[PDB]
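**Q** mind folding the following:
(chains A and B, ligands or ions: 4)
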Protein chains: 2
Amino acid sequence: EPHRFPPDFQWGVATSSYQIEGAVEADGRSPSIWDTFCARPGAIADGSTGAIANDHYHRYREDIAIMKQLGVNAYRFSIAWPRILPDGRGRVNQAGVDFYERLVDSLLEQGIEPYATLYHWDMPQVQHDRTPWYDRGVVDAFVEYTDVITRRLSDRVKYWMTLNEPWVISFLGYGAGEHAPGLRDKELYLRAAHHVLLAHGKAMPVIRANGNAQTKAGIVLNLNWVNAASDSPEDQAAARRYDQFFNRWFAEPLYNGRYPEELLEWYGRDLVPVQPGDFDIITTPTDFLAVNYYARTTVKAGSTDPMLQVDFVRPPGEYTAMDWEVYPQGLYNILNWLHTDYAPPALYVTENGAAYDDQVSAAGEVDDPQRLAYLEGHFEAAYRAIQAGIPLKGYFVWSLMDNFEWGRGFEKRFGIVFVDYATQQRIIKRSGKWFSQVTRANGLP
Amino acid sequence: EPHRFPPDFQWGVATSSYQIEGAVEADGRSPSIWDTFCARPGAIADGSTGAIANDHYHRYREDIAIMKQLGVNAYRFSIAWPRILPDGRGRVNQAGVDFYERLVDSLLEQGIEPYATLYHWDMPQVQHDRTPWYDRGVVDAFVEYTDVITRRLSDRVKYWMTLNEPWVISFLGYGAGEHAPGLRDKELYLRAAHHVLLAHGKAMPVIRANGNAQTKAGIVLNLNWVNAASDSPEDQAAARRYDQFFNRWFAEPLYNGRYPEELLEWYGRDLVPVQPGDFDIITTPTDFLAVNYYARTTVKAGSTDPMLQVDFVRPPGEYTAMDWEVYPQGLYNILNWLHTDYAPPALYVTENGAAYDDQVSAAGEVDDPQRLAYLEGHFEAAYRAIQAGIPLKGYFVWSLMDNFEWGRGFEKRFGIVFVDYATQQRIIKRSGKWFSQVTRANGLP
Ligand code: NI
Ligand code: NI
Ligand code: NI
Ligand code: NI
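**A** Numbers count the residues shown, from 1 in each chain, chains lettered A, B, ... in the order given. Ligands and ions are numbered 1, 2, ... in the order given. You can find the structure just below:
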């Protein structure tokens, strides 16, 4: 049954720098906000840090060989600002730039297209000391960083992502206190959210300028399918607020030059530090929109989250180890919504995947049928989306291998490749072996 | 009935620091004389250096796991003076000490006994600038280094070797110009030879004092079986001079407090800078004598080596890729000579092995029957020595894996484990798989 994807479809896997690289003091790297945050009691559920991680800084070539086994034609990673500009600004760290040159050279040598994320949450601590995301001066700082690295890599890297998951950077970082730098303030989150958008917009012309005609760039948004727990007006309203908060807070500014009004009013409109011309910057044209999709979230009115006055409900269904509902149809729905409402020239699924408890068998294999079924359903939903004329150009599985899952530490494994953290051994999981077939087939089954 | 070795016999593999570690600039390491010497045109046959080597500095855990596969109960390695005291003297480099602590801890955790060589040719360049081996001040410099590292590791390392192959350090380094520092002078070689012996003697009481009742220490001598090309007086005399030059120059001082007199006269006795009390120092009692044996060397009167007035002959037989004659009987003869003439309380074969051209087969294996046959014959010779009552306590194969073979570069492979230098992949060779059975059987199948 030829459920084949388009002939140039990009099949990849995704990682982020602090999640896999380790080697946190190597070669002039300065501490990121995450290096500092992991020190805080209760911040990381298993008490771990990203100090070693997958040790990908040293093991990249081996990982690239794994990718060859996987059959991917694309690889999404992030570049660590602390390696490039350890003082946050000013002097370029040659050694740091050199790592990414070696990585990109190795990828292209193996026929793997590099998709580079500029910012995936690891701002140098020294830069955050000067300009936290709630401080407008952060925009120029991120742009300087973008300029340095893009000038060095634009000859080899064609696809760039500006910032990964604005909602996470702003809300979790500054609103819920769950991610670095670990603050919890509604105003700080809204300021951070606005400045992330501004940084994305100011960065785009820089990327295009340091590139060539082939250069493509966009932002990466986390989106999930949102449902109301019931038909009650309070629940419909709760769902609508959460949807505006999670899914529309960035998309509407990016495409329509406005924040969702009802949520804006509810917050207090003056808390967003919009200045004249900001929306013109924010709406700067992009080549694509990248989407990170994981789950359906079902909402009712309540007090669990005091800021939005909502509670979360779990419909009967299948759940991952992250307590996230498995809802493959949600991916189709999100792609369709973006395509009908904003009409981006191209879409990419830059992240999709699942965490389940994995064990290594006596045979030395990792049998993960739940994760495989998860991936299968979502790939199917993406295939349906393409058949419906949605311009989905690629799909990147989160993640290549198990890694530091932020506040959950190393306890939640998202990889299609298992990592034994005692020895750094990599074992391709059953889902990974299956994926090796999908990529070569292009794709299902 | 099986040819079984004694129940506590130590089966091991051997390496040296510059040959395997790489990471030449890491963690405060300063350049050794070999880092400088590799820069010299014509010094290394394939134009290589030890800058990366086997990358064992990073890959030690993996290598140790290979050792477990091999079934060894002992591991001989060397410690890099440039890592421990990068300025040659004075400030201890704790990161350097730390690598060796982690290496030893990991070995003991796997039940592998560490046998540590203090000096295996890598003097820090900065120290050599102050005290080359021909300068008597080198003795106190080596003793300082010995003291620092033996204090840090004596609780875990019981077996220590002071200096590896005095003949090489002095003759190849200062007499033939073939090894670092690359000088070619008879006087400089003899001064160096004498100071190495003195460094060995001064070091012993330091190692004993920093240790406990279990501490065992000795020197490591290269010895080969020597034959005269014919019965002519000129050939006998040539063979005698070579024997005295290669085999007796160090052994006679160590055990009898004298240099071989005829060769001494031949050179000019004033060139050896012997001072009163030196022989009392050189003869300080040792726990064992370690032996590195490879070949039979056949000599005739000739002008090829002008210093000794000798030529070398190749008898009909089997030759390795180093152009060294395979003569397993020689190993027994050497051990028997040392046992009868000097009666050391214990003997170890700290090095024995062979270099043959290896290829990786399409099946991904390395089939090396010539290396296997070499090892078998020599192990048999060692078995015979033990049956004759020679107190051989252990046997270390040179080497665990292919490595930087000094002046021959990476082109000569001595390992029972193949290294693909493009990726650092280790493939246990056929000889290695065979050895995996010998260690477990504790004798020859
Ligand atoms: Ni169909
Ligand atoms: Ni027999
Ligand atoms: Ni390193
Ligand atoms: Ni003198």
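
**Q** how many residues are close by the residue lying closest to residue A:184 once chain neighbours are set aside?
**A** In space, and not counting its chain neighbours, residue A:184 is closest to residue A:177: 3.6 Å by Cβ to Cβ, 6 or more residues apart in numbering or on different chains. The C-beta positions use only the backbone N, C-alpha and C, and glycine is treated the same way. Counted with other Cβ atoms under 10 Å in any protein chain shown, residues neighbouring residue A:177 total 17.

**Q** could you do the one 10 residues further on as well?
**A** Neighbour count of residue A:187, defined by other Cβ under 10 Å: 16.

**Q** quick one, phi/psi of it?
**A** Main-chain dihedrals, residue A:187, degrees, to the nearest 10: phi -60, psi -40.

**Q** can you count the residues close to the closest residue to it other than its chain neighbours?
**A** Leaving aside its chain neighbours, residue A:187 sits nearest to residue A:271 (4.8 Å; criterion: Cβ to Cβ, 6+ apart). Applying other Cβ under 10 Å, we find 15 residues neighbouring residue A:271.

**Q** mind listing what the one residue in chain A that gets nearest to chain B touches?
**A** The minimum distance from chain A to chain B, using Cβ to the nearest Cβ, falls at residue A:58 (5.8 Å). Applying Cβ atoms under 8 Å, 6 or more residues apart in numbering or on different chains to residue A:58 gives the contacts A:22-23, B:58.

**Q** list the strands paired with the helix or strand harbouring residue A:349, with their directions.
**A** Counting by DSSP states H and E, the element that carries residue A:349 is strand A:347-351. Within its sheet, and counting by DSSP bridges, strand A:347-351 is paired with strand A:289-292 (parallel), strand A:392-398 (parallel).

**Q** ok, then the element right after that strand?
**A** helix A:369-387.

**Q** can you pull up the most central residue in chain A?
**A** residue A:164 (4.5 Å; Cα atoms, centre = their mean).

**Q** specify the beta-bridge partners of that one.
**A** Beta-bridge partners, per DSSP bridges, of residue A:164: residue A:220.

**Q** now do the SS call for the spatially closest residue to residue A:65 that is not a sequence neighbour.
**A** Leaving out its chain neighbours, the residue that sits closest to residue A:65 by Cβ to Cβ, 6+ apart is residue B:423, at 7.5 Å. At residue B:423, secondary structure determined by DSSP: H, G, I helix; E, B strand; the rest coil is coil.

**Q** can I assume residue B:423 is in contact with residue A:61?
**A** Yes: between residue B:423 and residue A:61 there is a contact under Cβ atoms under 8 Å: 6.6 Å.

**Q** neighbour count: the two, which is higher?
**A** Remark: of residue B:423 and residue A:61, residue A:61 carries more neighbours, 15 against 10, as counted by other Cβ under 10 Å.

**Q** and residue A:399, how far from residue A:49?
**A** From residue A:399 over to residue A:49 the distance is 18 Å, taken as Cβ to Cβ, to the nearest Å.

**Q** and for residue A:339?
**A** In terms of Cβ to Cβ, residue A:339 sits 40 Å off from residue A:49.

**Q** residue A:399 and residue A:49: who's more crowded?
**A** Comparing residue A:399 with residue A:49 by other Cβ under 10 Å, the one with more neighbours is residue A:399, at 24 against 19.

**Q** got the contact list for that one?
**A** A:13-15, A:19, A:353, A:414-416.

**Q** do I have it right that residue A:409 meets residue A:53?
**A** No: using Cβ under 8 Å, residue A:409 is not in contact with residue A:53, being 10.9 Å away.

**Q** more neighbours: which of the two?
**A** More crowded of residue A:409 and residue A:53, by other Cβ under 10 Å: residue A:53, with 24 against 17.

**Q** secondary structure element for the more buried one?
**A** Per DSSP H and E, there is no helix or strand for residue A:53.

**Q** residue A:157 versus the nearest residue to it once chain neighbours are set aside, what's the distance?
**A** With Cβ to Cβ, 6+ apart as the criterion, residue A:53 has its nearest non-adjacent residue at 4.0 Å, and that residue is residue A:22. Residue A:22 sits 23 Å away from residue A:157, going by Cβ to Cβ.

**Q** buried ones in stretch A:264-272?
**A** A:264, A:267, A:272 (16 or more other Cβ atoms under 10 Å in any protein chain shown).
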